[PDB]
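> below: the sequence, then the experimentally determined structure.
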There are 2 protein chains.
Amino acid sequence: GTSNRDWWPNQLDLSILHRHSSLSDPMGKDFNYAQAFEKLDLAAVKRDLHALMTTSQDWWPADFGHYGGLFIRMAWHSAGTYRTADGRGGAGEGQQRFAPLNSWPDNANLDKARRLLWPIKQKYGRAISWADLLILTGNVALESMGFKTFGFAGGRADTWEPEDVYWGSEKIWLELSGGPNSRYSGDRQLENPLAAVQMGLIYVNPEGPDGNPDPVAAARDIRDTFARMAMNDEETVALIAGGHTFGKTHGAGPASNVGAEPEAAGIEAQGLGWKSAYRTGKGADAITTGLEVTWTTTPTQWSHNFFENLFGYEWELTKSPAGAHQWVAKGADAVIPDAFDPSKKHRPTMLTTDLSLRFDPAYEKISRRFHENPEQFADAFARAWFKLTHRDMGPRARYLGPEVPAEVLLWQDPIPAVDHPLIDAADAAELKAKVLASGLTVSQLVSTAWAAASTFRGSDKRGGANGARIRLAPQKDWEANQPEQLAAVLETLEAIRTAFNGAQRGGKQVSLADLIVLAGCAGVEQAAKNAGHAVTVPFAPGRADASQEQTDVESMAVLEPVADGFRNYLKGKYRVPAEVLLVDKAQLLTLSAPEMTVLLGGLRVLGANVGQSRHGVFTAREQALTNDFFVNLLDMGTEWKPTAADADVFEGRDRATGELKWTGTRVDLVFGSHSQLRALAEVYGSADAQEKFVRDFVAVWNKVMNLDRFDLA
Amino acid sequence: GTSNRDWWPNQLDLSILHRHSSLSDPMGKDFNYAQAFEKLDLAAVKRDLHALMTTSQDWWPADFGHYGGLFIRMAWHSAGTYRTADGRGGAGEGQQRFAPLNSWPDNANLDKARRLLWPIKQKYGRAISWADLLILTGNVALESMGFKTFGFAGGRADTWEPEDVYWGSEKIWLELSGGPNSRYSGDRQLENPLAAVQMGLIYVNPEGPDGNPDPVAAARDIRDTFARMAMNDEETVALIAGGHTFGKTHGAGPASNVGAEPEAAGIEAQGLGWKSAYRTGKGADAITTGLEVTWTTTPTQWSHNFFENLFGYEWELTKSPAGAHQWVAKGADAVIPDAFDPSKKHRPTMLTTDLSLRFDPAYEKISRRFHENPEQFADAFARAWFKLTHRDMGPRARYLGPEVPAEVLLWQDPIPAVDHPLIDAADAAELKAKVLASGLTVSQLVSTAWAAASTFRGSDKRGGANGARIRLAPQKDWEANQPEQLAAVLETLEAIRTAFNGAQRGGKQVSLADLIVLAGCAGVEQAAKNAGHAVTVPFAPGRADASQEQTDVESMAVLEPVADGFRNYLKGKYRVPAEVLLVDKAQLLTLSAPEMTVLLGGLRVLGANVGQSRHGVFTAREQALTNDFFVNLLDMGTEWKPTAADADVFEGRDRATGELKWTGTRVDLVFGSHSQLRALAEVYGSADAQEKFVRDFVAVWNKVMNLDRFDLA
Ligand code: HEM
Ligand code: HEM
Ligand SMILES: NNC(=O)c1ccncc1
Ligand SMILES: NNC(=O)c1ccncc1
Ligand SMILES: [Cl-]
Ligand SMILES: [Cl-]
Ligand code: NA
Ligand code: NA
C-alpha cells in the first residue's frame, strides 16, 4: 500500500500531534486514573507481587527460584529510555509494552517479565496502570531481596498507542557507529537528543564501545549516556553496581538460536518473542543478550558482594558460550551459585562495563567509597533508583499513594507550598488594571508570560510558569527570553506585587509566578480590546515562587528553547527544518494542529517575536488580537520568494505591483504551504472567523498557562 | 527518523481507525455542518460563482475567457476517485485538497482551480464546505455555459486530514502495467478495489492502455473503470461526451518543463505546484497533461458539436507539442477557436478515449443515439452528472438545501417515507417479549440483526439495516448471511409483525426493518440476562421496508461481505491477511480500535459466527454476554500453535496437560498478538471489567444498529 510518507518522505508529519485521542482510549472520557489509584489497596498488590517473586512458571523458569533480577531489569529498562534533551522516553507512560520498545534487542525477554505480571494486572484492573505496575514490581523485587527503597509514587496513567519518538536514523538493529546513519560524529559526539550508543540499546554496549572490550573507553560511553539520562557519576556507579548486585545475564548458547522479536513473531506467539531453539529455550538454557555473567554469591539477596568481587579479584578476558566478551576472576574459587543446578558453582564474572567502575579513575574513587561504606552505597542506590524511576513524573503534586517520600529533592524542580489565602476575581481584575496602567505593552506582557509558560514539556512534565524560574538563573539569561527586556518587565511587575501585597490584610498575597501569568492575561485582554472585543482571559491563582537555591541550574539547561517557532526564534542553524522544530515544540506543549495554528497566528500579531522581528507579523494593527495573520497569509494577491541573502526568509510582494508587503520565515509560511495546516489557516482566515479566532486563541493561551498546574487536577 | 512502519512493514496499522478525531478538527465538538449549511444563502453563493467564471486572474488566465471547463474537470475529478468496491473516494469528503489527491498527476492544475475558489470559500466560511463548493462550482459552470443541471444537494462535511485509502502498490507515479507492483494480472484484470488503470489516474490513460493509442482497447478500460465507479455504458458515454463538450486540454510544450507537484514544491509555492518553465507557464502556454485537444467549436457553450465532430470526420493519429498521442480530423477546416488568440483557429481533435465512443461497438450505438437525439443526450448527461457527484452522499435524508431533486433514483437505494405512527416504548417491550417467546435463540437474533446492520459503510454511506434489504435479493442469498437460517428467522419475525400490525388501531405499524433490529436488541438483552446482568438495549424506531424494485441487485453486489471478522468469516483465500481485512471492515463501520475489540469479543460469545464455528468462541457459556473472550484469550495457561491441516487456524492447549481447550483463527488471535490490540483486550479481560464490557458492548451494538439512521440526525 503506497502512502503519503512514501511519496513525500520529507513532508511534515502532523499525526504526532493527534495521538492519544479519545478514539484510541478504551477508558471512558471521564476516567480519572488518579482517583482509581488512590483507592487501590497498594499493600495488597505488593503482597501479591512478593508472592510472585518466588512462584516460578514453567514457560519461563525463575533463576535461583526468584524473578527479582528479571523484574529489576524490567523496571530499569522501563525508566532507562529517558533522555534529558527532550524529556522523551522514561517509565511514565508504560511505553515498554508498545512498539518499538517492546522489541528492542535490549528489551529481550522482558516480554516474559511483563507476561508474568498479567495475573496481578488483571486482578487489580484499572486501579493500577501498567506504567505504575512495572515500577512497583521493581520496588517489590528489591524489597523482597532485602533492600530498603526510598519510596514509590503512583500516578503514571497508561497510554494506548506508541509514542512518536526519534530513536535514531539507523535501519539496522544495533548497527555499529560510522555507518550511513551514524549517531556519532567528530570525536565520538553522540547526536542530540539521543542517549544510547546503538539503535535498540538502553545506554551502552555491555561488551564495550562498538564491541571493543576496553573498560576504560566503555566508561566514556557510560558517562556520556548516563549524563544524557540526567545521572551524574555518583548516581551512575550506584545504579550500575546496585542493579548488578542481583540476578544474572543469559547466554547459554549461540545467538543464532534466538528467533524473531515480538513485533515480528508469529501470531501464535501471543505477544512474546525471541523464541530460542537452544535446548529447552528457557531457564538453564536461556539466551537473552548472549552474555553469561552472574555477579554475586547471593544473586537473590542485597549484599555488598558486587564491589567485594570487583575489587577482590583480578579479571581476565574470556568468551561466553555465545561468543560475547566478558571477564572472569583468574583462579578464583567457584563460589557463585548456578541458577538451576544446586551441585554446580561458578567463578565470579563481570561485564566490561562493570569493570569500567573500577578502571575509570573517576568511577574508581566513588566505587571504592561504596565498597568501604556499603551503607553509603545503599543510600545512593536508593536515591538514584527513585530518581530513575520517577524522573519523568513531573511535579510532586502528581505523586500518589502512601509511599511517596516526604523529602523534597533538588532534581524535582520543587515549588514551595502555598501557606496564605489566594487572590480572588476582584483582586485579579485590580492587578490586571494596575499592570495595564504601568505602561507595560501588550507585546511585553505576552512575550514575558509566553517565555515563562512555554518551557513546559509534556514528555517529562518539567517546566512551566510555576515557580517564577524565569526570574532566576539560567532562564533570565536565555537569549530567547530577551534578558534585558525581561529584566525591565520583571522589575515593574515586582513593584506592582510589592505594592499590592503591602496593602493587604489577613495574609493574602500574590506570587510573582501568578502575577507574570496574570499580566500575560491582561495583555491578551488588552489586545482583544484593541481589536474591539471585550473578553476575559481565565486565570487560576496558586503558583508559588521557587528560590535560586531550589533550582539546579545545570539541569535547567535542557529546557532552554533553541527553536521556538511561536516567537519566530532559531538560536542557530540546524539540519532539521524550522517547521519540523515547530511541530516538535507543539508536541512537547501538548498542542493539536489546530491549537498550534491559532496560537502561532495570535502570537505573531501580538508582538511575541523575539527581537521585535517583523517576520510573519502580517498585520497593520500590531498588538490587536485579530485573525490578520491568516487573512493576509492566504491572500493570493501576494507572491512569495526566498530572499537572495537568506533561503529561509521570504519576501511577500504584491503580485501586480511588485511592492514589498511582508517578510516571513519557513515557520510563518508553512501554514500557507502544507495542505493540512493551510486547511486550518483557512478556517481562521474566513470572514466569519473573528469571534472564533479570539475564543480559540484565549482557550489555547489559557491551556499553555496551565500546563504545569497539576495542583489543580 | 526510523519508524515502527520501517521496522515492521507488515504489522497491522490501527491509526486508520483513529483519524478524524476531535484533536485534528478545528471546529468545535458541537459544530454541526448541516445546520450551518441550512442557513447559507445558496443563491448568493451561486451568483458569486457565476461572477467568478469570467473573472480571469493573471496567475492562471481563463481559457476562452471562461473557467467553466476547468471547474467541470475539477468537480469531475473530485467525484471521479470513487470506487464501488469499498465506497472509498468520491467527492463527499473534499479529499482532493489533501495528499495524495492534491498531487496526483491527473489532478495537475486543479490546485489553481481550487485556489480561484478561495475568495468565495473565505466569504461564506463554515457555511459551505470545500467538499460542497467543489461540486457546486461544477454545477454553476455547466449552468453558466447553458446546460441545465438535474439539481444539487449540500451536506458534504469537510474533513481535516487525509483518508487512509489503498490507491495501489506502485512506487512510481503513472507506472505502466506489468511492473513489480502491477495492479493488473491475468487477462487485464484490475485488482480490487482499484478503479483506475495507473497510479495517479482518475480512470484511464487518455492516450490509450499503457499509452498505446488503440480506441477499441481503450474502450475496454473505460468500461471496466467506469463500472468500478458505478457507471454503465449509457452513463459513461453521456459523461465523457458531456464533459468534453466543454473546454480543452493543455499541452503547449514538453512535459519536462513542468515542476514539482504540490506536495513536493517549495514553501514559497504556497500550496500550488506544477510550475512550468515553458514560455509564460500559463494561459496559452499551459501544460497540464500534455495533450492539446479542443473538442468543439464553442468550448464555453453547451452544443451538440461533440458527436457532430466524432462522427463527422475521419481521424488520424498525431502528436501534441508535448509528444502525446492524439487525433486530428482528416481534411477538416480550421473551425475550433483558439483559447487566447482571436485570429487563430484549429482543426477538430480528439483523444483516443473519445474515439472509443465511436469504435467500441456498444458505445457506438449509444453515441449514435445521442447524436440523432440530443435531448436524450442532455437528459442522460444531467442524470449521470448528478449521480457522479452525489454517489457517495448516502441516503436522501442527508441531502440539504433548495435544489435537491424531487425524483427518487434507483441508485440511491431509496427508502420509502414513513406515513404512520411509530411504535413506542410499551410496543417495543411487547415485541421484544414476543420475539423471546417465539423460540428464536440469542444466536439467531444477534446474527440476523448483525447481518442486516453491518452492510453499512461510512465511505459512501450505503448499506445498513434501514430498508430491510436483508430479506431481498441479493442479501438474503449471501453465504455470510446463512440463507437457510436467515429464512427461518425472517419467517418467524414476519409472523410476529403481521400479528402485531393486525392488532393495531389508528394506523400504527412496525416495519420489518425495525423488527429485525429490535429483535437483535432483545437477543442482546437476553444474553445479558443469561450472564446475570440487567440490561436494556436502546432502540430507535422509524426504519422502513424498501421493495425489491427499489433495490438494484447488481449495485448491491459490492456490499457483500467476503471478509467479516466479526462473524469469523472469510469467503475464500485472499492475499491480504484476515486481520487486515478486519481492520478495514471496522473502518467502514466507523469503529475505533476499542469499539472493534469490544464488539468482536461480544459477538464471539453470543454465537454470531457463520456456521456456528467454535473458532474464537472462548467461553463455556455461549449465548451469555460476558467478557469470557478476553479472559480466556489472555490466559497464559494456554499455548497456541497453528494446525497441521491449516496455518490460519490455531489450537490452544493447556500448557501443562496438553489438553485441547480452544481453536481460533487469525482474527481471534490477533487480539492476543498485536501489542495495541492486546492492551485493549487486557482492559476488557480484567477482573473489574465485566460491567464495563457489557455497557461498552451495548453502546457499540447500538452504534452499529444506527449507522444509516440519517433520518434521526
Ligand atoms: C552501563 C549500564 C548497564 C549495562 C551495560 C547493563 C548490561 C546488562 C546486561 C547485558 C544484562 C544481561 C541481560 C540478559 O542477558 O539477560 C543485564 C542484566 C541486569 N542488569 Fe544491567 N546493565 C546496565 C545497567 C543496569 C542498571 C542501571 C540496573 C538497575 C539498577 C541494571 C540491572 C540489571 C539487572 C537486575 C540484571 C539482571 C537480569 C536478570 O537477573 O534476569 N543494570 N545488564
Ligand atoms: C475516459 C474518461 C476520460 C478521459 C480519459 C479524460 C481525459 C481528459 C484529459 C487528458 C483532459 C485534459 C486535461 C488537461 O490537459 O488540462 C480532460 C479535460 C476535461 N475533461 Fe476529461 N476525460 C475523461 C472523462 C471526463 C468526464 C467524465 C468529464 C465530466 C463530466 C470530463 C470533463 C472534462 C472537462 C470539462 C475538461 C476540460 C478542462 C479544461 O477546459 O480545462 N472528462 N479530460
Ligand atoms: N513522545 N512523547 C511526547 O513528546 C509527549 C508526551 C506527552 N505530552 C507531550 C509530549
Ligand atoms: N477511507 N474512508 C473510509 O473508510 C471511511 C470514511 C468515513 N467513514 C467510514 C469509513
Ligand atoms: Cl515517549
Ligand atoms: Cl476516501
Ligand atoms: Na518522557
Ligand atoms: Na467515499
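Perfect, thanks for sending it. Numbering: from 1, shown residues only, chains lettered A, B, ... in the order given. Ligands and ions are numbered 1, 2, ... in the order given.
> contact partners for the nearest residue to residue A:179 once chain neighbours are set aside?
Nearest-residue entry for residue A:179: residue A:170, 6.6 Å, with adjacent residues in sequence omitted and distances by C-beta to C-beta, 6 or more residues apart in numbering or on different chains. Just so you know, the C-beta spots here come from the backbone N, C-alpha and C atoms, and that holds for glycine as well. For residue A:170, the contact set (C-beta atoms under 8 Å, 6 or more residues apart in numbering or on different chains) comprises A:179, A:181, A:183, A:198-199, B:2.
> what would those look like in CSV with secondary structure?
As requested, these are exported to CSV (DSSP: H, G, I helix; E, B strand; the rest coil):
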residue, secondary structure
A:179, coil
A:181, coil
A:183, coil
A:198, coil
A:199, coil
B:2, coil
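> ok, of those, which come out buried?
A:183, A:198-199, B:2 (16 or more other C-beta atoms under 10 Å in any protein chain shown).
> now for the residue in the stretch 551-700 of chain A that ligand 8 sits nearest to, how many residues are close by?
Among all residues of the stretch 551-700 of chain A, residue A:679 sits closest to ligand 8, at 18.3 Å; criterion: C-beta to the ion. The local packing of residue A:679 (other C-beta atoms under 10 Å in any protein chain shown) involves 22 other residues.
> wouldn't it be in contact with residue B:96 here?
No - counting by C-beta atoms under 8 Å, residue A:679 stays clear of residue B:96, with 11.8 Å between them.
> in stretch A:9-25, what's buried?
A:11-12, A:14-15, A:17-21, A:23-25.
> the residue sitting nearest the centre point of chain A: which element?
Chain A has residue A:87 as the residue nearest its centroid, 2.2 Å off, counting by C-alpha atoms, centre = their mean. Using DSSP states H and E, residue A:87 is not contained in any helix or strand.
> any idea how far it lies from residue A:169?
The gap separating residue A:87 from residue A:169 is 20 Å, by C-beta to C-beta, to the nearest Å.
> same deal with residue A:110?
Where residue A:169 is concerned, residue A:110 sits at a distance of 25 Å (C-beta to C-beta).
> now distance to residue B:449 too, for the buried residues of stretch A:9-25, in TSV please.
Shown next, in TSV, are the buried residues of stretch A:9-25 (distance: C-beta to C-beta, whole Å):
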residue	distance to residue B:449
A:11	44
A:12	44
A:14	39
A:15	36
A:17	39
A:18	34
A:19	34
A:20	34
A:21	29
A:23	25
A:24	27
A:25	28
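> so which of the residues you listed is the closest to ligand 4?
Nearest to ligand 4 out of the buried residues of stretch A:9-25 is residue A:23 (C-beta to the nearest ligand atom; 12.6 Å).
> touching, residue A:98 and residue B:678? I think so.
No - using C-beta under 8 Å, residue A:98 makes no contact with residue B:678, being 10.0 Å away.
> the host helix or strand of residue A:432 packs against which elements?
Using DSSP H and E, residue A:432 sits in helix A:425-437. Applying 3 or more C-beta pairs under 8 Å, 6 or more residues apart in numbering or on different chains; DSSP states H and E, we find helix A:425-437 packed against helix A:483-502, helix A:512-530.
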